[PDB]
Amino acid sequence: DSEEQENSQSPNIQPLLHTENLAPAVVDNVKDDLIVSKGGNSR
Amino acid sequence: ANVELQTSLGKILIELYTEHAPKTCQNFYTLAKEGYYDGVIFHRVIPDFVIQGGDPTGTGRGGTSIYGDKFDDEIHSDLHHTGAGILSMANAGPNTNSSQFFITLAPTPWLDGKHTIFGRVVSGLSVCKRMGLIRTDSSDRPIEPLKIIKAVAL
Amino acid sequence: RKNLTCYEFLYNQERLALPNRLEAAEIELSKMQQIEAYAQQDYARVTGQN
Amino acid sequence: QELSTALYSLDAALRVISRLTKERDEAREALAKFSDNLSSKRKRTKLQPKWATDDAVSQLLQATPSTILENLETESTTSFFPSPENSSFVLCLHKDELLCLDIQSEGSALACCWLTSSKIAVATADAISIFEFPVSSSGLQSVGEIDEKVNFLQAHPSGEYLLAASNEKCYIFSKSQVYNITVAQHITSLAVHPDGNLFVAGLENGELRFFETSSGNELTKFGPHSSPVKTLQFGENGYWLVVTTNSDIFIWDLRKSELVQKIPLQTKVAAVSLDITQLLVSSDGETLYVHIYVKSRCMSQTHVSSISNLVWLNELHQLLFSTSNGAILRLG
Amino acid sequence: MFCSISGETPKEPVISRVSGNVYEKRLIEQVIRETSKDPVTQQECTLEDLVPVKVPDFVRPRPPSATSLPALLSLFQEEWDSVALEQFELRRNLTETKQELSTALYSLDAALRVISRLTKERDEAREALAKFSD
Amino acid sequence: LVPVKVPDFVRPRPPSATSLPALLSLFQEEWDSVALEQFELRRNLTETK
Amino acid sequence: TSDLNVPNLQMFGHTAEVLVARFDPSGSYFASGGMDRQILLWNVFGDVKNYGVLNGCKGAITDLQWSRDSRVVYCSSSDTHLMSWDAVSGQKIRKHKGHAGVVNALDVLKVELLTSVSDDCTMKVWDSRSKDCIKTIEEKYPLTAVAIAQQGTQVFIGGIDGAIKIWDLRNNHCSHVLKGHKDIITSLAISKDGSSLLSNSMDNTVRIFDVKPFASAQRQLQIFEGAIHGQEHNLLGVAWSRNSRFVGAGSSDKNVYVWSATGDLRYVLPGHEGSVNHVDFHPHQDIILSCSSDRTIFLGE
Amino acid sequence: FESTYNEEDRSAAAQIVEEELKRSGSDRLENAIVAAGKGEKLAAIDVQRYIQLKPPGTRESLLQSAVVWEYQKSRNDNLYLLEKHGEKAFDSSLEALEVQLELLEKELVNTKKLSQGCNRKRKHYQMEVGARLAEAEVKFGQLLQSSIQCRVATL
């Protein structure tokens, strides 16, 4: 008897605000870190 | 599923095993669609072992998949390295596949474990056979930049 | 563009709001340090006999 | 865009609420385990010293001793209108202690009203008869009309529009008729807010029917009480409210519509009616206690024999106007 | 390919200066006739604000049966009904979105009231904990 | 210089004779076709007269 | 992530191993000294060049401490002395004598009070003008590092025994020991507020203790491994960040170590050519200072 | 936001919100006419009885035959005109279709990249602030414990 429409649709992309980010959030930092380190070479 | 690789030596044609391993080919397909692979060196060439490449930095490390860092491989028994030209992926751990890949030049029955197989080169095998004969320094790295000009997916 | 504009507005609202939370945390931190300072002065008056 | 922004602000504030309540209750348990080991208005001091001011027995006939209401004129507090059980509306003046006006109609009157012009009054009877009978004329000029008892009486500020409520879930408006058959919950308590834009009406099942006066549609239900609530009355300063039930006296706030004060009494003790001067409050019943409304047993007067049916505050707050069902009229 | 007003394909598209968007001559002209301004920017606009640009034009391929004939009148009635039904759907969408917006705004205001009340209860509770510690 | 601002926010149509401006263009095309036929045949009528 | 012109800056100078380099309390200046019996003054922002040298010391600068006024410098020498150098003019102000060995460490007070220890198994507190030790404490084994509380009655002295001694200057009651270490304590540093002590010892563990009159037993908060000490028995320093949430240390394994005060290693960055004697954090920004026994001092973030 | 919550907490907060809500409280004329008409569908009707081909009768048969003849001639002209050029116009329509398709998808991928960037900056900021408040509340709890133990220890 609860307001499923007002809650499920509200949390539809609200979880995606924390889920969709985690995919590309592990992409730019990896390449930027490698570029910053290896641009300075092994030494 | 089909990708043309305009490499610097010549033309590489690959068909992706979507039916066998679907997850590991979708990233490659959409990655050829985005086409950020332009101007990427084939940083590793070992005679009769591999030709590895696919990293933006060109230092043999890195490369982001669509998942961003790494994904989980899927392997099944009938996949094998029995031939010369199987297109596989690269990893540095249990499940640590990155955007780079390689092409086989010999049967490698010892390498069919933690390593996923996801391609068979139907044309341009001659190009890989000559890639096996490339100038290489002490490390398995070509002296001159073995870039890939551009890649269409088709 | 829907979710892009929504993300813009939520970013603006969060950048506005978080300084208030940080300031409240600092204020309560300062008060709790003051009360602990009084407590340790009391225990120090105890400690003067040690 | 506005809808999505609002919905996402709701979700964010909902998460705020979730964490907020969570470790608040955590810390409440933590503390619980930790502590284990107008200058003319009468003042509180003068009102608390109130006692019996009059002893009227001739006002009400002793043949049928019973009262159900008591109305006072705002312009003249000497006029008191206790509803008599002899089917006669008796208008009496305290100065002479005499029945100045008698209006005769077969049932015991249950409610009465007084205007500000010292001439207009209305009464309600068990015979489903509600008549606005002027005291000066001592005769009924209008008729308000059924097959069941009326549970509440109300009127618009103009004094001619009339609203009545019965126990059959039907209400009479003196040009519309809204009927709710989904709930079918009888009511016992109701009153009209002096602003006049809305009103509340407690029901038998404990829910409260809060409806706008102009629209006439219920928009709020407050059901935290059990058993029939005898009465509810709004204050005058605006933010003082009082409710009672067949076993405590509670105070409410109009904006929040939530409990703000509770005076606990025993189950067998039941309040009847409440009076407001938001300065001071008066109560009647088995246990008579009057408390200051502004500052939340302060008064104990037991000179009213029998069960006190109503209590009113006279002018200057020097004495009260209380009546009982023993045909007695004691002024506090 | 689509005029920004109705979505129609502008055979003679135009672009503006304050906000360059693809627009059709007749509709902006009727807007100017109604209100001599641009509702897109809430600014005064003149007839010269549009510049006739060169386009290859959008070829209009005919359906299997469109050769005059009552096919054309059946299409008249059908597109009448279709654009009108689009209008009904869009109007009822107005009404539903505004009522939902009002409900959401009321819920949001109540949420603001309760977060303020709950925050005050936090302040007294925190102070109660701190003062127990003595 | 004016870059392209094609995306916008509104709903396009098929570029054919299935929209009312386009359909009305075909209406007037039918009308001027039968009008042109009447023109030529009325020239022929006056010459024959 | 700062106002530095370059993320990493190498400082060249000195003719021998540099033993100490300490920031000005304002965070605008800093000085360095070592086995070359010389003190170099620097500029934190700008061209980062020398503006003065402090010559006259007849021994290696074992330790030095900036003054709160940021106008006078106190230097500890290996030749049993304690000189006071006027930074803005460079002349000898005073030379405090009285020790009987190499003066290992030095610390300054919020009030002009100096403290020091030396190999003669003694601790001496000096007034800035008395020129004599107003109080002296005698121990059985040589002391290695000191920490003075900014409030001004407790001093923590670490030496050979592997147990920190807490001395109350007024009370002279010493029956309270911060046991837990098992070898030589190289350095001690007090937190900014004065609640926590940072200890480094030759038993290879960098530990953190609480400085309060009252405790719930086992005053040891936590220990950090990794920071190893070589066979040269050097005096490796530890530092407290400006926010006192990142603790820093140097190790003889060519590593600069920064911990999160919660037991999680944060920085492991190498870059030194020899044993790193001293490490310090900037009191305003996120700069980290390095000082190694290779005639060089590193800048930080 | 960064937190580990179950949906039961969300439903409880929503029920609290519902409880507190309960406690607190152009168009023209032709278009309007046809709209009030066809609001119940009411598909408008027009004569399509030009294919029945009424047999020999009154003048209506003559009118239908003549109009059908004229429709047929116009249909002939239009369809032959269509096959004069073939489907080159159709090829151009499909090519412009794929042009616009690609132009849209380019801006779509640009927009999702921007949204992912906004997401990642947001998630970074929330991470740093949430870590700060986490250590804050931990040290608050340790401080409460220290204060209470000190106070009882003084005795």
# chains A, B, ... in the order shown; residues from 1 in each chain; ligands from 1
>>> residues_around(residues="residue 152 (chain H)", least_positions_apart="4", cutoff="10 Å", atoms="only C-alpha atoms", output="PyMOL selection string")
(chain E and resi 133-134) or (chain H and resi 147-148)
>>> interface_residues(of="chain E", to="chain H", cutoff="8 Å", atoms="only C-alpha atoms", output="JSON, numbers by chain")
{"E": [1, 58, 59, 60, 61, 67, 68, 69, 70, 74, 77, 81, 84, 107, 110, 111, 130, 133, 134]}
>>> write_last_selection(atoms="C-alpha atoms", output="compact mmCIF listing (two decimals), in the first residue's frame")
# COMPACT_ATOMS: atom_id res chain seq x y z
CA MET E 1 16.98 19.07 -40.34
CA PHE E 58 15.37 18.02 -47.89
CA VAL E 59 14.11 15.69 -50.62
CA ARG E 60 10.52 14.62 -49.96
CA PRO E 61 9.99 11.02 -51.12
CA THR E 67 -0.95 10.64 -56.33
CA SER E 68 -3.67 13.20 -55.64
CA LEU E 69 -6.89 11.14 -55.27
CA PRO E 70 -8.90 10.80 -51.99
CA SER E 74 -7.68 10.80 -45.98
CA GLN E 77 -8.07 14.00 -41.78
CA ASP E 81 -6.31 14.00 -35.83
CA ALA E 84 -4.61 17.33 -32.34
CA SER E 107 6.82 17.32 0.36
CA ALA E 110 7.81 19.51 4.86
CA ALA E 111 11.20 17.82 4.55
CA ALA E 130 28.37 16.45 26.80
CA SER E 133 30.04 13.61 31.08
CA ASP E 134 30.45 15.86 34.14
>>> residues_around(residues="region 48-51 of chain B", least_positions_apart="4", cutoff="12 Å", atoms="only C-alpha atoms", output="number ranges by chain")
B: 7, 41-44, 60, 81, 83-90, 100-108, 111, 127-134, 136, 140-142, 146
>>> write_last_selection(atoms="N, CA, C and O atoms", output="compact mmCIF listing (two decimals), in the first residue's frame")
# COMPACT_ATOMS: atom_id res chain seq x y z
N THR B 7 47.11 -1.18 -39.39
CA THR B 7 48.40 -1.09 -38.75
C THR B 7 49.42 -0.47 -39.70
O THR B 7 49.15 -0.24 -40.88
N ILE B 41 51.36 2.66 -30.26
CA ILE B 41 52.51 1.83 -30.63
C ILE B 41 52.25 0.37 -30.27
O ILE B 41 51.55 0.05 -29.30
N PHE B 42 52.79 -0.53 -31.10
CA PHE B 42 52.86 -1.96 -30.77
C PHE B 42 54.13 -2.19 -29.95
O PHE B 42 55.15 -2.67 -30.45
N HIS B 43 54.05 -1.83 -28.67
CA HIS B 43 55.24 -1.69 -27.83
C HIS B 43 56.02 -2.99 -27.65
O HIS B 43 57.21 -2.93 -27.35
N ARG B 44 55.39 -4.14 -27.82
CA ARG B 44 56.05 -5.42 -27.55
C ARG B 44 55.97 -6.31 -28.78
O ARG B 44 54.89 -6.48 -29.35
N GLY B 60 54.14 0.37 -22.12
CA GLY B 60 53.85 -1.00 -21.77
C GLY B 60 53.03 -1.18 -20.52
O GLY B 60 53.00 -2.28 -19.96
N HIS B 81 45.19 -22.40 -27.75
CA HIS B 81 46.19 -21.67 -28.52
C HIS B 81 46.84 -22.54 -29.59
O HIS B 81 48.02 -22.37 -29.89
N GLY B 83 46.92 -22.63 -32.67
CA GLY B 83 47.36 -22.05 -33.92
C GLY B 83 48.19 -20.79 -33.79
O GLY B 83 48.63 -20.42 -32.70
N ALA B 84 48.42 -20.13 -34.92
CA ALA B 84 49.24 -18.92 -35.01
C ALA B 84 48.38 -17.79 -35.57
O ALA B 84 48.21 -17.68 -36.79
N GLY B 85 47.87 -16.93 -34.69
CA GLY B 85 47.02 -15.84 -35.13
C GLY B 85 45.85 -15.57 -34.20
O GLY B 85 45.06 -14.65 -34.44
N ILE B 86 45.73 -16.37 -33.14
CA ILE B 86 44.66 -16.16 -32.17
C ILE B 86 44.86 -14.82 -31.47
O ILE B 86 45.94 -14.55 -30.93
N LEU B 87 43.83 -13.99 -31.48
CA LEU B 87 43.87 -12.69 -30.84
C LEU B 87 43.41 -12.82 -29.39
O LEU B 87 42.27 -13.21 -29.12
N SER B 88 44.32 -12.58 -28.46
CA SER B 88 43.96 -12.65 -27.04
C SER B 88 44.20 -11.30 -26.38
O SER B 88 44.70 -10.35 -27.00
N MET B 89 43.92 -11.23 -25.08
CA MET B 89 43.99 -10.03 -24.26
C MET B 89 45.22 -10.11 -23.35
O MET B 89 45.97 -11.09 -23.38
N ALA B 90 45.46 -9.06 -22.57
CA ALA B 90 46.62 -9.00 -21.68
C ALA B 90 46.18 -8.75 -20.24
O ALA B 90 45.21 -8.02 -20.00
N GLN B 100 45.04 -3.49 -23.62
CA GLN B 100 45.95 -4.04 -24.62
C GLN B 100 45.63 -5.49 -24.95
O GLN B 100 44.91 -6.18 -24.22
N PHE B 101 46.19 -5.95 -26.07
CA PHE B 101 45.96 -7.31 -26.54
C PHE B 101 47.21 -7.78 -27.28
O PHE B 101 48.23 -7.09 -27.31
N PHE B 102 47.13 -8.97 -27.88
CA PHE B 102 48.24 -9.50 -28.67
C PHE B 102 47.72 -10.55 -29.65
O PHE B 102 46.58 -11.02 -29.56
N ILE B 103 48.61 -10.94 -30.57
CA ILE B 103 48.33 -11.91 -31.62
C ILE B 103 49.37 -13.02 -31.52
O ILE B 103 50.58 -12.75 -31.53
N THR B 104 48.90 -14.27 -31.46
CA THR B 104 49.78 -15.43 -31.36
C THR B 104 50.47 -15.73 -32.68
O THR B 104 49.92 -15.50 -33.76
N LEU B 105 51.70 -16.24 -32.60
CA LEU B 105 52.41 -16.76 -33.76
C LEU B 105 52.80 -18.23 -33.67
O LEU B 105 53.44 -18.74 -34.60
N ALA B 106 52.44 -18.92 -32.60
CA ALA B 106 52.83 -20.32 -32.45
C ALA B 106 51.88 -20.99 -31.48
O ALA B 106 51.23 -20.31 -30.67
N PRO B 107 51.77 -22.31 -31.53
CA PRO B 107 51.00 -23.02 -30.50
C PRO B 107 51.61 -22.80 -29.13
O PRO B 107 52.79 -23.05 -28.91
N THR B 108 50.79 -22.33 -28.19
CA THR B 108 51.22 -22.09 -26.81
C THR B 108 50.27 -22.84 -25.88
O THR B 108 49.43 -22.24 -25.21
N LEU B 111 49.91 -21.73 -22.13
CA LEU B 111 49.44 -20.39 -21.79
C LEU B 111 47.92 -20.31 -21.68
O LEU B 111 47.38 -19.25 -21.36
N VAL B 127 51.08 -10.08 -42.36
CA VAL B 127 51.56 -8.91 -41.64
C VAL B 127 52.15 -9.32 -40.30
O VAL B 127 53.21 -8.85 -39.90
N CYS B 128 51.45 -10.20 -39.57
CA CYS B 128 51.99 -10.67 -38.30
C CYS B 128 53.25 -11.50 -38.49
O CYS B 128 54.20 -11.41 -37.69
N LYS B 129 53.29 -12.33 -39.55
CA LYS B 129 54.50 -13.10 -39.81
C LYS B 129 55.70 -12.19 -40.05
O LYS B 129 56.83 -12.54 -39.68
N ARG B 130 55.49 -11.02 -40.66
CA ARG B 130 56.61 -10.09 -40.81
C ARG B 130 56.87 -9.31 -39.53
O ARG B 130 58.03 -8.99 -39.24
N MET B 131 55.82 -8.98 -38.77
CA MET B 131 56.01 -8.38 -37.45
C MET B 131 56.93 -9.23 -36.60
O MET B 131 57.65 -8.71 -35.74
N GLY B 132 56.91 -10.54 -36.80
CA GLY B 132 57.86 -11.38 -36.11
C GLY B 132 59.31 -11.09 -36.45
O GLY B 132 60.20 -11.48 -35.69
N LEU B 133 59.57 -10.40 -37.57
CA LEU B 133 60.92 -10.10 -38.02
C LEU B 133 61.30 -8.62 -37.89
O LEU B 133 62.01 -8.07 -38.73
N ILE B 134 60.83 -7.95 -36.84
CA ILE B 134 61.01 -6.51 -36.67
C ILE B 134 62.26 -6.23 -35.84
O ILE B 134 62.59 -6.99 -34.93
N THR B 136 64.45 -5.16 -33.04
CA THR B 136 64.16 -5.14 -31.62
C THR B 136 65.43 -4.88 -30.82
O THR B 136 66.48 -5.45 -31.13
N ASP B 140 62.14 -6.52 -25.42
CA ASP B 140 61.25 -6.86 -26.52
C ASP B 140 60.41 -5.63 -26.87
O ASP B 140 59.21 -5.54 -26.60
N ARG B 141 61.08 -4.65 -27.49
CA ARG B 141 60.48 -3.39 -27.91
C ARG B 141 61.08 -2.94 -29.23
O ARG B 141 62.30 -2.78 -29.34
N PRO B 142 60.26 -2.72 -30.26
CA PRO B 142 60.80 -2.24 -31.54
C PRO B 142 61.45 -0.87 -31.40
O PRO B 142 60.98 -0.01 -30.65
N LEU B 146 56.11 1.46 -33.90
CA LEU B 146 55.21 0.61 -34.67
C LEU B 146 53.74 0.98 -34.41
O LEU B 146 52.96 0.20 -33.87
>>> closest_atom_pairs(of="chain G", to="chain C", cutoff="9 Å", atoms="only C-alpha atoms", output="Markdown table")
| residue | atom | partner | partner_atom | distance |
| --- | --- | --- | --- | --- |
| G:171 | CA | C:48 | CA | 8.4 |
| G:173 | CA | C:50 | CA | 7.6 |
| G:175 | CA | C:50 | CA | 8.8 |
| G:212 | CA | C:40 | CA | 8.0 |
| G:213 | CA | C:44 | CA | 6.6 |
| G:214 | CA | C:43 | CA | 7.3 |
>>> residues_around(residues="residue 22 (chain H)", least_positions_apart="3", cutoff="12 Å", atoms="only C-alpha atoms", output="ChimeraX atom specification")
/D:207-210,218-223,256-258 /E:106-107,110 /H:15-19,25
>>> residues_around(residues="residue 83 (chain D)", least_positions_apart="2", cutoff="12 Å", atoms="only C-alpha atoms", output="PyMOL selection string")
chain D and resi 59-61+64-72+80-81+85-92+102-104+107-113+122-126+309-310+323-325+327
>>> interface_residues(of="chain F", to="chain C", cutoff="12 Å", atoms="only C-alpha atoms", output="count of residues only")
3
>>> select_by_dssp(residues="region 2-154 of chain B", states="alpha helix (DSSP H)", output="list in words")
residues 23, 24, 25, 26, 27, 28, 29, 30, 31, 32, 33, 34, 125, 126, 127, 128, 129, 130 and 131 of chain B
>>> atom_distance(atom1="CA of residue 39 (chain A)", atom2="CA of residue 152 (chain B)")
29.7 Å
>>> interface_residues(of="chain H", to="chain B", cutoff="12 Å", atoms="only C-alpha atoms", output="PyMOL selection string")
chain H and resi 102+105-106+109-110+113+116
>>> atom_distance(atom1="CA of residue 240 (chain D)", atom2="CA of residue 297 (chain D)")
19.2 Å
